[PDB]
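Handing you a structure now.
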Amino acid sequence: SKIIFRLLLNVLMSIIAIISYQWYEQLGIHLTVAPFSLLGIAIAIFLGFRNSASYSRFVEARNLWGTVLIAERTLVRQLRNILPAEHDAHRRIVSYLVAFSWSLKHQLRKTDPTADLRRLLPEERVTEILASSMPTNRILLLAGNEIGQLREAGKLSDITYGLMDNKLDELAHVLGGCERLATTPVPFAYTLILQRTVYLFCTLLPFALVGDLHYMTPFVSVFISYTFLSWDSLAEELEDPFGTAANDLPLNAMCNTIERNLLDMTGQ
Amino acid sequence: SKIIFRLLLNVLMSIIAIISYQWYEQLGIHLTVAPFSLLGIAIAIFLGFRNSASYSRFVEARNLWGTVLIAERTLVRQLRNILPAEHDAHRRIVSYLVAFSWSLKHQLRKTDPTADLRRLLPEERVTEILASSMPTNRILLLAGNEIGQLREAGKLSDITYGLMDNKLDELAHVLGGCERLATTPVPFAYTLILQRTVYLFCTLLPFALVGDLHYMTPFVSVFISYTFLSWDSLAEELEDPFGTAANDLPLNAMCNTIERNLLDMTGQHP
Amino acid sequence: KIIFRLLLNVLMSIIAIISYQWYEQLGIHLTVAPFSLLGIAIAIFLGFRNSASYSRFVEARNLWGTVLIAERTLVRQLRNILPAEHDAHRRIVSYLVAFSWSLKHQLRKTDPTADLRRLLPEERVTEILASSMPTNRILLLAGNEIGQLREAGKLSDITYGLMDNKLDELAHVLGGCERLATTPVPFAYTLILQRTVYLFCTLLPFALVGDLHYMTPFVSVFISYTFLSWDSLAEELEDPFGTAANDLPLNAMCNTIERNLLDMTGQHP
Amino acid sequence: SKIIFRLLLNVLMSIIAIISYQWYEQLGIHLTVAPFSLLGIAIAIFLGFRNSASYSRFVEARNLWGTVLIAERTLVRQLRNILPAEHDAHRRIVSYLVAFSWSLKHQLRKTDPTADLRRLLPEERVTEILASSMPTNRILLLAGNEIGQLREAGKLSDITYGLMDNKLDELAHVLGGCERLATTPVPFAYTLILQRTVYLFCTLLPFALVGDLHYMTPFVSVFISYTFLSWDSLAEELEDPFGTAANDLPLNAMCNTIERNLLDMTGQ
Amino acid sequence: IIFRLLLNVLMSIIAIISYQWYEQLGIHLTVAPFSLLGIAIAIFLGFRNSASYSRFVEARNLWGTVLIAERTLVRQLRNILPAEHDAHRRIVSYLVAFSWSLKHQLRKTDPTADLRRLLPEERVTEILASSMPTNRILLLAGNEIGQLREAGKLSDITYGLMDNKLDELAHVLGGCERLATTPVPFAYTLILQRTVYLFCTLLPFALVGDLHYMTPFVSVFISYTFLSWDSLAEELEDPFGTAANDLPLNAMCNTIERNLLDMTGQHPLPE
């Protein structure tokens, strides 16, 4: 995306570097390569470790979404295996489950869940849900009432209620996990420290290479900038896993997979 | 080897650098190693981390398949332990669990499961399964009906129902975990340019190496190219552990083992 | 701060420039290759060290996230299981809110008396303040609420246990934070590092000056910034319960917790 | 100490380079160290990550056996605390649990468990175990039958029956884990590639240092080589956790510790 | 470690005065080779100290679980059997006994005084008879729970809730046992420790060509960095070693004891 602008600036920096090499020692400035080896290696080590942290936050995101599909699938399986006649509670619980997924998606994307929710629930409760500052948690509490009701109506025992309650728990952990990843980012000092350092390193590098490489510094220094810049750029494509880029999590696709999955297990 | 063809190319590029080395002065070419020491160390550091990430995908994928064997082994044990006489149920349930494994392998290899399914289940069921968006998930839900039936029949209590129920949860987690590794590759950005910049570094390397090595240049360049290139491609191999490469997982062996286990001696037990 | 030692590195480099006149006069040589070696080694160690510091930070944030999850689902279980017992709802929630603030005060080594008094009867405040661990005692109090529900027959051993597990989870959160605070790594991790990172940074100009001459301070400031930036960010991340910049907004996280629990039990602050 | 061969071949590889030295430049061949630092470092990085995998695998094998001891300790405890009257059942379950460990060791070493089985169990049960294609697994089935019938005899509720069933689940995870470790080495491509490069690098190296070290080539090129080889040999020393070499897991001693523990807990 | 630092300044002054005679013979020490060697040792020290750190972290987690399990077990006892203070005090004894006994076991020191202060000498003899005393303390703790269950004061459900806490301690015992027996590397740590030791002493000879009278200064700055990093992995590799820091294990056995007496109103002193 935005890297091409910074490598062409690096080509001109090299042109500026060759056209300026004659005036060099007259001013009194000597740039060997060896301290830039030190610096560049150092920057690579820190870039490597940072990029590690970023990949890990991306996979934790993806795991958290995998749990939603896992936990919702087995909740519905448990409903059918334990209460195979009660298709009325099936449809209601399933719609709260599908609501929860879509609501979680919209919450992380900071978008509006009204249509998805009205598509799935009566305005009777859709207003109760959006009346809360924590709508997705409220959907869980409502799904909780459903199994709670089947327990008090004697159709669930304490045991079988507990078996399903634990899947609510699993969805609660997904909710908190997602919220935690969304609010708490990879500390901003990483991008600030490394974006400066990397950008300044690629810019100062030609003036250090020209002593030894002469007319060829434009090439090998755009090379070195390319790998540093794109390694660094891939960290930022991974640190916001809930964003919209094609390189991010296809959250719409996953919510669709979830809905068709639960609607499949219900015969719809 | 995708490496054997490139390795030779690097030999030629190495030949070109030595024949046309003293001519550097005419065209205006100086080329030190130190900029390529730096560049190459950075690429090693990044190769190392990427390879680390791919092995993690390998071991998780191995692990997830490990749990199928475990969870199925113990669900059959619980049936033999709690309903020792219910052999028609034992037989029915084992067939679904063996279907689960083969079905999952096919799902992850994008191959057809119909042959394996019919080998193991009634054809009415082979069509209920093949009809679904997710057949592995349906095989699970049918396995859960069998123990759900024994529970309506009073043969299982809620407690012992839950004990067997938890093993089906365990398999749902394998299914989900396997889809996550399938459905999401690692970002192709990683693959898109990390493999080109390794090649690029590899071919240019002799052009900066000759001045110090002279004749010894084709050897040392191909050595360096070997290590960097085998590392990069091994990483891309283990990234797709449900693939069919030589270092991917033996999914077919593993389903065989699962099958042989659950049908150990006609499915007969003490 | 960090900007002070950056400045002194600019000083140390002009000291190098002026006393370069006298280098082999006094009998002095300083190539850069040895400092490249030392420099890279320190980079590697800073790389690993820093990675462990981030891991502690993520764990602390994760632990606090579990407070919210567990407390949410405890209130959820109370409402689904005992929809009528609103006094218990109110008392448990006031304990679970007391737990969060008391944990914040614990981790910050501050007095929890104000927040406790806001939230609970003074006879309980005194009980909680007497304990070598107020958060532990608050969990026990919460545990008596559901336990008394259980003696009265309103909870079964099963549904009592479902809720007990949540208190178990908070216990684990308590120990996890206790363990992250009560365990600074042996001071070797920092006086190997921030001593050597400091020392390396200010000797680097003397070694850089033969190659670079008047340029010394610029590269020397760049290398020193890079190393110092990395090394200081490590020190912030490893005390995540402190008051520094990159440290958990524990008061915000508590307010979110209280508001969530007030939300689920129909109350408006 | 399979390693002292290549250290000494290195010493003579440096002497060959000492004598062949000035035949170089009209032969024309030159070797500086700079490109070998590049390679040497790149290999050190790859050696580091590989040894890392090799170490995690040894730790997992040690963990797995560790929890055999944990889960059988606590399963025997539960039997004491819940059925203190029933020392006959105590002694049967303990022999199955001791048998499981021995059988799991034999399995992993591919040795005959028959003598150990016949020392712990009635020959009727030995016959059933050895008839299975998965003897260790079939030992768990038999142990589960013990507690299974204590359940049908009403001496265990479903609750306490389930408390002990979970310990058999834990042993099931040990068995599968060990089988998995046993058949899933660190991929061969790893150690295959490193050995070709680490070995080739260690012999070519003195050729590239005599130009700089002259007469001291051996003492420095051997010291560099001991370092890569001993680091790469640590991987070999950690590759078969279940074998019988000195650096492998003392599985016999662990199996004796397990038996000793379970007999301390039942007064034998 | 400081002794090996001052052997390095010696080796440096040797390398200065003897640099004269060196190449009358023809012995060269450049710096590029020792740079390649030192970076590789730095890299391996990086991964080694990573492994060591993880062993140290797992050790602190296991001990943390002791405090967690023992707190929640005693909380469970109070919330579920509020009246049974005699049982409260017996079980708290075993839990506290278990902590000190685990610590003594790990540091191979004598548990007898801690045991004789916490439990009756009939149970001290029983515990001290076993070859696995910490396990025997868990088994004893189990009997207390089991008797409450046979007396019908615990249901199988609520008996089971407390049983899980004992498993948690069982897991801690085994984990700690495994982290003790081990070094997982079978004494290679001695090979790679003296590899740092030798590199640090040949280093001033490789540096004197470039640095002359300055080499003792740059050579030991480097050596301090490498030796401190090594000795630190040595400290973390062995979190129960017979020359470790006992402050936190003692601190933890004291915290849990104090917590438990607090939780059972044996603190504070009555009015």
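Should a chain be cited, it is by its letter among A, B, C, D and E, assigned in written order, with residues numbered from 1 in that chain.
FYI, a contact is a pair of C-beta atoms (placed from the backbone, for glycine too) under 8 Å apart; a residue touches a chain by one contact, two chains touch by 3 or more.
Which chain is which protein? Per UniProt: A, B, C, D, E = Bestrophin family ion channel.
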Each chain counted as touching subunit B (Bestrophin family ion channel) and subunit D (Bestrophin family ion channel) at once: none
Equivalent-chain rotation between subunit D (Bestrophin family ion channel) and subunit A (Bestrophin family ion channel), CA atoms, steps of 5 degrees: 145
Separation of mean Cα positions, subunit E (Bestrophin family ion channel) and subunit D (Bestrophin family ion channel) [Å, integer]: 23
Approximate Å spacing (C-alpha centroids) for the pair subunit A (Bestrophin family ion channel), subunit D (Bestrophin family ion channel): 37
Multi-partner residues of subunit D (Bestrophin family ion channel) (at least 2 other chains): 34, 36-37, 41, 45, 48-49, 52, 157, 159
Category of the chain touch graph - line, ring, star, complete, other: ring
Complete ring sequence of chains beginning with subunit A (Bestrophin family ion channel), oriented so that subunit C (Bestrophin family ion channel) follows: A, C, E, D, B
Subunit C (Bestrophin family ion channel) to subunit E (Bestrophin family ion channel) touching residues, read off their complex: 27-31, 33-38, 40-42, 44-45, 47-48, 52, 130-133, 136-137, 139-140, 143-144, 146-147, 150, 157-158, 160-161, 164, 167-168, 171-172, 174-176, 178-179, 182-183, 186, 188-189, 192, 196, 199-200, 203, 207
Subunit C (Bestrophin family ion channel) contact footprint on subunit E (Bestrophin family ion channel) (complex, rising order): 31-32, 34-35, 38-39, 42-43, 45-46, 49-50, 53, 60-61, 63-65, 67-68, 71-72, 75-76, 78-80, 82, 155, 157-158, 160-161, 207, 210-214, 218, 221-222, 224-226, 228-229, 231-232, 235, 245, 248, 251, 255, 258-259, 262-263, 267-268
